[PDB]
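Participant: Line by line, the protein sequences give chains W, C and X.
For reference, each letter of the first sequence is one residue, going 1 to 146, 150 to 269, 291 to 497 in full-length UniProt numbering.
For reference, each letter of the second sequence is one residue, going 1 to 146, 150 to 269, 291 to 497 in full-length UniProt numbering.
For reference, each letter of the third sequence is one residue, going 1 to 146, 150 to 269, 291 to 497 in full-length UniProt numbering.
C-beta: ideal position from N, C-alpha, C; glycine also.
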Amino acid sequence: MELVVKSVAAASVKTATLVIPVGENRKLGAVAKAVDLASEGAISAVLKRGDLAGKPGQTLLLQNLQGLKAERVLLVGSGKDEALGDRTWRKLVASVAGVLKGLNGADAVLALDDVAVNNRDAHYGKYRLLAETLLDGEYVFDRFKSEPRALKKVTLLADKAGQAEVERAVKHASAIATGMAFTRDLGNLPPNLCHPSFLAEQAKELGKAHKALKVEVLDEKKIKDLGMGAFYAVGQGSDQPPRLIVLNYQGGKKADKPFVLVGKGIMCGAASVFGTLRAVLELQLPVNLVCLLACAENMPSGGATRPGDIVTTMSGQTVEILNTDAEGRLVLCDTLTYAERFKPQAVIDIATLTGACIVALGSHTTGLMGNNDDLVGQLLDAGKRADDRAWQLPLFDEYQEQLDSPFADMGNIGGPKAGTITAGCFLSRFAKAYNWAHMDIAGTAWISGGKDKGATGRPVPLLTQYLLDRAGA
Amino acid sequence: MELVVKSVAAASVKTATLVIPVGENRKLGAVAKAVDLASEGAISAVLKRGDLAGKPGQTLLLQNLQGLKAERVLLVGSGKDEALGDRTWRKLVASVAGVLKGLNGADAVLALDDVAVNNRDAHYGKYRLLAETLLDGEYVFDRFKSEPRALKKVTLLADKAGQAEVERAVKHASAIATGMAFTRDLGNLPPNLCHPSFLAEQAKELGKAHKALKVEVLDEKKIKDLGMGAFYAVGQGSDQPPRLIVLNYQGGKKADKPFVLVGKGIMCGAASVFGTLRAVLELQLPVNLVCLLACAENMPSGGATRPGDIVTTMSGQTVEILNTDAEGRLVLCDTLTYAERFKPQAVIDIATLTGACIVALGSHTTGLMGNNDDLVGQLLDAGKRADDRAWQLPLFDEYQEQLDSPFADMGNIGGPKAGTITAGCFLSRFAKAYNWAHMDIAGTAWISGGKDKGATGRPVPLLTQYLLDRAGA
Amino acid sequence: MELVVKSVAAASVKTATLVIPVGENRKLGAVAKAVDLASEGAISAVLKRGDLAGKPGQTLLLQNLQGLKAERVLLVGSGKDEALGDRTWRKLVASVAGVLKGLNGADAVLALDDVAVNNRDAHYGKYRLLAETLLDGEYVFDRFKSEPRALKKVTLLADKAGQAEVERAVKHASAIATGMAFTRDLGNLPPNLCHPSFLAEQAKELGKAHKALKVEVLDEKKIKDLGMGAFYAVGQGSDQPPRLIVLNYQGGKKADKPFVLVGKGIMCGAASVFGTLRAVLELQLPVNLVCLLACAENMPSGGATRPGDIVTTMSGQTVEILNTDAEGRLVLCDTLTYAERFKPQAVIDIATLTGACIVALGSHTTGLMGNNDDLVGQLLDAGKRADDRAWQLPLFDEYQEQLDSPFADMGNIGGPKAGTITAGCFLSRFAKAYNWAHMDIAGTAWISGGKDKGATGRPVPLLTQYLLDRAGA
């Protein structure tokens, strides 16, 4: 779908469908009133019949009206006068998109300037959320199913003053949504096909397509020979061997320290790193970004790791693997040591790490921990502006003893209490060299059931926003 | 909702909303084509734009069209050029009703004569299903919540020849839907209000309202004094005492044997008997119908029955109560002995009796067992014609040993194998005096939830259809 | 054991043991009275002492009596005058066989003509059940244990009119019992020894021994190369590879369409196919019978299929393998596609498929589903005449949605409700090309515990009866 911005009057634009908002009590803002007047009162005449109460997202679709150049006018409820919160605004946009998807119209014009969104400026933040909802909602994953939609273009109308800010919002939302689609395809792919070697092929192909990107893949023997005893212990059980994939984007000055993203690829952590990199390549951000994808397949077999095994991590710390299903933190901890070589200014790991995070923060909010208050605050602020929120949990020292082992430097589990925090605590012991934060996306990376089951693409908006903020874009 | 039938031309009829069907490829049957012609090709013109693909239940709502008397036209998809099955036809009607309930029109006209429904005649069977779906779909249970709908009347258009048969379908569906509303309200009432004494007061109120109905309520001491040891044992643990409620409707000839319906009232079995009785009263069927509601509340306490207790049933047979959660069969078996006094031609018990029936037949199909093939077959056929299906399970003699007790004449459980059948087998030992069937509605009596959730109307259409069949209506 | 039929008088026959029935109240039928008279009243004299009450199966064994040529006379209770049901009649026959097994007599004569069996003619159906019980009860499986019985021959006496029908019963029961023994040996063999390659060797050996039989075995690579993605996914986890074994018996006319039996061989479904084929070869039935044994071993390992895998079946439909323990339907669905090539007049799959069938129909009755009402009725009638009963469950379309997947054409599980039906529903989607039925023998193929633990040989009597019915034998 092409997204464009114009500043011409809504009533003047030739289009298959013009979309205008209508509030409760059939209240029309200035944009809607101008279109009603161009229609000689035809829109207000239908509204007086009472079929559209105006609650957010309710719709009434009209056919060809004399006086307008639109073939159809879609009226969409904007609710009470109050400014809308982010969820209501995105639900209104998705309700519009739903109707448009079902029509045989080749384009549409959205004339929603009058809709206020709480705490967001009328041109950039409001349209960041509309454009991301509109483009992410085009996603289809029908590869394994045994009809192309008519809608190819949407025009957003804004006043001439606000045009460049709406265009900037569209540019950034398009990059985010393209990244998200990549993340959602990799997550949705079934595990027979999406294994560590497939991810390594996807990264080598992405490297060949981008000048400023260099890709290295470390295979099982290299992981073992680097001393990555925890990462090797997770992968050994499977016939599909592990891969540590490095993707190094040099978009900054040569002596700028890079941002490092570490993704758990057992694999929506790794997928969100690929998606954020794809967004950064689209935007050509002027940062140095090193992506480390820690990929393995955790399977039972006659050569698998067994509860009670003790391994030497790359750092030299030993770990008692009490539970082989606490495996993400094992491939992560060796990859955090590996990240030291880049001399980074921030290292952020993203992982579907704990069922306990779903108990603490559910499906709405990603769990965030770290060793640096400024980096944690930057990620929280990014999530608020991107509408991809996180929330900090504490790594107080009192939780660390839960990982003590009588035999090794630490165990990999902390017991039933504070499970998201003790996993963060485990990882912190490998992150002391640099400013680090950990994002547990076990609750926000996918939808379990319904027809909406499948990957969400989170946290590509928060990560891409954080890197826009560091680039000063 | 008032529901009436007319045989006037659709384009001629004054109404807030006219509903007509459109097939795939914008194909119009005779009725729709006539309204298109009256509209001066307005309906075809909009169809050519392609917003309505015409899959079953899809919709497109038009406003005032020149040449018609209807204020609005709703187009609804009827699919390809082949007859619909019951489920698809009922879903189409519910789609139409959903749109109408959201509009501010005080009436609507359905002109859906051209839609064929597989194995249902165009006047009676087709409209039994439409009218019940429409009328049951109006149900609201908002009494415990802290806006009435505009739609007050629907007119169905049929040709002059079929009018009386559509009217007879509306008469029968209206009685069924009014019975189902009563059933659903009693099921959805919470248990601190809907206890056995409440149901006794419901029955006594119904007895006052109706001439041919006599109601007697037997209290705990009566049940104990009649020797109903198994029914007494279920109720004794609660502070709410049990009631056996008798409602006797003498609509037949004096010497005609009655049909007896026995409902488990622990309580949707008993509620479906109340709702079938309310439909029979509305229809004034010329049958003798005796309803026996076996009502108790099964609670833990210091005076409750305890696993291993042995009781003497009214029949004199002893039962070892191995599980106190197999309680519905205990109140039922004594009520089946009580039913012998009526010298019935059929005794049907209805009960939410086994989780095993949900494992066997799920949410769609009621489990059915009996001692008389003709009666079982009459109930199956009634279910097919009412679109409230059941399915027989065998009461082979080989299952009876699973009830053996070393101490008593039987135990009340049969173990983990064949649990719906062994409950039927237990009840069959009390039904040998008469032609008997048992309906296990544990899967079909409510939605659980889902996200929209509550009692079904489910016993009522089959049972009402069986009594229309016996009354030769 | 040799089974023969004669029509001479019971008292005249030289034998180690003559067996006669005695009813309650010491009532003697005409055959028993004639033997009493030949013994000069010695049998009635012992009976007046009261040790034998005559309940079915009770026994009294006499020694050498003057006047008879039998060395011993066994009196067996036949109960009250009523005709016996099938179970009681078979239990009486097994009680006789029990005594005979313990004696050092080389032969025995059964003179049980007077015993009536409910709904069975005195010569064919009555003796079908006696002869099958007598010969199946000879079964021994002592291969893995670290004494040969004296009884080598039994003569059944009947009147000369009925001799040829009793002989026909014996011929058909012997074929069934021989088939059953083969089925019971393959089921009883332990899984270390009985793996898919062993079954393939058993089928190639059976092919070499029968002129009208051709055997082909498809190995793992052939299964994969045919596109059988579901069958290959089940077997891949194990070190023992899968086999699809084809056994084609051409006993009919060349242009007669064959009957196809599909057996799950994970393996009593496959075993019952081998046993039914062995019975058909013994009888030289004039039908074309193609047997397809879908054999694999379902094991965990580092290369096993994992919940969430998506595979392409031979048909091109894709399946999401939600649960790797729903594996029978996976090897079956690709074998049902394979069966299309034979252009069959009936395809029947037999499988130990669901624990839910044991909840629905227990150990007594096999679950039956299909897409053709005539074939389902034929199998039900066969099971009633063979005393190997089945019972139909419905494949209503409403159960099909339980298999929907958001990613693939279907999932392989339907949830906790209606599990036997949803497995049938899954299979039906691969059976549309032909008349098909599915037999779930999870409850009837073996006895779990006791000393009687082990395979039953069911449903070889129902399947062999169905093929006798189609041959017109």
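Taking a cut of 9 Å between CB atoms, which residues from the stretch 32-54 of chain C lie near chain W?
Facilitator: Close to chain W, meaning a Cβ-Cβ distance shorter than 9 Å, are the following residues of the stretch 32-54 of chain C: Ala-42, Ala-45, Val-46, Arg-49, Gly-50, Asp-51, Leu-52 and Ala-53.
Participant: Please report whether the beta-carbon of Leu-103 of chain W lies at a distance below 8 Å from any beta-carbon of chain C.
Facilitator: Chain C contact via Cβ: present.
Participant: Evaluate the contact criterion for the stretch 218-237 of chain W versus the stretch 183-195 of chain W: three or more CB pairs, one atom per stretch, below 8 Å.
Facilitator: no
Participant: Any chance the stretch 203-212 of chain X sits against the stretch 170-177 of chain X, with 3 or more Cβ pairs inside 8 Å?
Facilitator: no
Participant: Check whether the Cβ atoms of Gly-165 of chain W and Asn-118 of chain W lie closer than 8 Å to each other.
Facilitator: no
Participant: Give a yes or no on contact between the stretch 402-416 of chain W and the stretch 475-490 of chain W, applying the rule of three or more CB pairs nearer than 8 Å.
Facilitator: yes
Participant: Can you pull the chain X residues whose beta carbon is under 8 Å from the beta carbon of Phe-141 of chain C, in chain order?
Facilitator: Within 8 Å Cβ-Cβ: nothing; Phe-141 of chain C doesn't reach chain X, min ~25 Å.
Participant: If you compare alpha carbons, which of C:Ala-94, C:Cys-381 and C:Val-115 is closest to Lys-441 of chain X?
Facilitator: C:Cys-381
Participant: Can the beta-carbon of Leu-159 of chain C be found closer than 8 Å to that of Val-371 of chain C?
Facilitator: no
Participant: For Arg-302 of chain C, which of helix, strand or coil comes out of DSSP?
Facilitator: helix
Participant: Let me check understanding here. Comparing Cα to Cα, which of W:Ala-318, W:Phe-298 and W:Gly-473 lies closest to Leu-360 of chain W?
Facilitator: It is W:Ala-318 whose Cα lies nearest to the Cα of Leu-360 of chain W.
Participant: Quick check: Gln-426 of chain X and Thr-446 of chain X, are their CB atoms within less than 8 Å of each other?
Facilitator: It is a contact, given that the beta carbons lie within the stated cut-off.
Participant: Give the DSSP bridge partners of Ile-248 of chain X, in chain order.
Facilitator: BP columns for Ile-248 of chain X point to X:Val-220 and X:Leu-317.
Participant: Contact criterion: CB-CB distance below 8 Å. Does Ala-384 of chain X meet it with respect to chain C?
Facilitator: yes
Participant: Please report how far the alpha carbon of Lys-163 of chain W lies from the alpha carbon of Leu-18 of chain C, in whole angstroms.
Facilitator: 45 Å
Participant: For a contact defined as C-beta to C-beta under 9 Å, what are the partners of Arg-453 of chain X on chain W?
Facilitator: Taking a Cβ-Cβ threshold of 9 Å, none of the residues of chain W is close to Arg-453 of chain X; the smallest such distance is about 12 Å.
Participant: Check each residue of the stretch 242-257 of chain X: if its Cβ is closer than 7 Å to any Cβ of chain W, include it; give the result in chain order.
Facilitator: none
Participant: Could you tell me which chain W residues have their CB closer than 7 Å to the CB of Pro-324 of chain X, listed as they occur along the chain?
Facilitator: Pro-324
Participant: Runs of 3 residues minimum, wholly inside the stretch 88-122 of chain W: which ones carry the beta strand (DSSP E) assignment?
Facilitator: 107-110
Participant: Note down the Cα distance separating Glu-170 of chain X from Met-291 of chain X, rounded to an integer number of angstroms.
Facilitator: 33 Å
Participant: Determine whether the Cβ of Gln-63 of chain W lies closer than 8 Å to any Cβ atom of chain C.
Facilitator: yes
Participant: How would you list, in chain order, the residues of chain X whose beta-carbon sits under 7 Å from the beta-carbon of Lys-475 of chain W?
Facilitator: Chain X residues near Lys-475 of chain W: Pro-430.
Participant: Cα separation between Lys-80 of chain C and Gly-238 of chain C?
Facilitator: One C-alpha to the other measures close to 56 Å.
Participant: If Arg-246 of chain C sits next to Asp-228 of chain C, beta carbons under 8 Å apart, how far is it from one beta carbon to the other, in whole angstroms?
Facilitator: No, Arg-246 of chain C and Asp-228 of chain C are not in contact; Cβ-Cβ is about 14 Å, not under 8 Å.
Participant: Note down the Cα distance separating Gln-253 of chain C from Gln-416 of chain X, rounded to an integer number of angstroms.
Facilitator: 39 Å
Participant: Would you tell me roughly how many angstroms separate the C-alpha atoms of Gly-326 of chain X and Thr-348 of chain X, rounded to the nearest one?
Facilitator: 14 Å
Participant: For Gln-166 of chain C, report the span of its alpha helix (DSSP H) as first-last.
Facilitator: 166-191
Participant: Have a look at W:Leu-3, W:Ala-42 and W:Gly-54 and flag the residue whose alpha-carbon is nearest the alpha-carbon of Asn-25 of chain W.
Facilitator: W:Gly-54
Participant: If we define contact as Cβ-Cβ less than 8 Å, is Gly-327 of chain W a contact residue for chain X?
Facilitator: yes
Participant: Let's test the definition: count the other Cβ atoms within 10 Å of the Cβ of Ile-471 of chain X and tell me whether it reaches 16, buried, or not, exposed.
Facilitator: exposed
Participant: Counting Cβ pairs, one atom from each stretch, are 3 or more of them under 8 Å apart for the stretch 68-80 of chain X and the stretch 30-49 of chain X?
Facilitator: yes
Participant: Would you call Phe-262 of chain C buried or exposed, if buried means 16 or more other Cβ atoms sit within 10 Å of its Cβ?
Facilitator: buried
Participant: Compare the beta carbon distance of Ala-30 of chain C and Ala-10 of chain C with 8 Å and say whether it is the shorter of the two.
Facilitator: no
Participant: Relative to chain C, which residues along the stretch 398-423 of chain X have a C-beta separation below 7 Å, given in chain order?
Facilitator: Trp-415, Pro-418, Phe-420, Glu-422 and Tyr-423
Participant: For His-213 of chain W, which residues does DSSP report across the bridge?
Facilitator: Partner(s): none; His-213 of chain W has no beta bridge.
Participant: Which chain X residues sit within Cβ distance under 9 Å of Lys-145 of chain W?
Facilitator: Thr-342, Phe-431, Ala-432 and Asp-433
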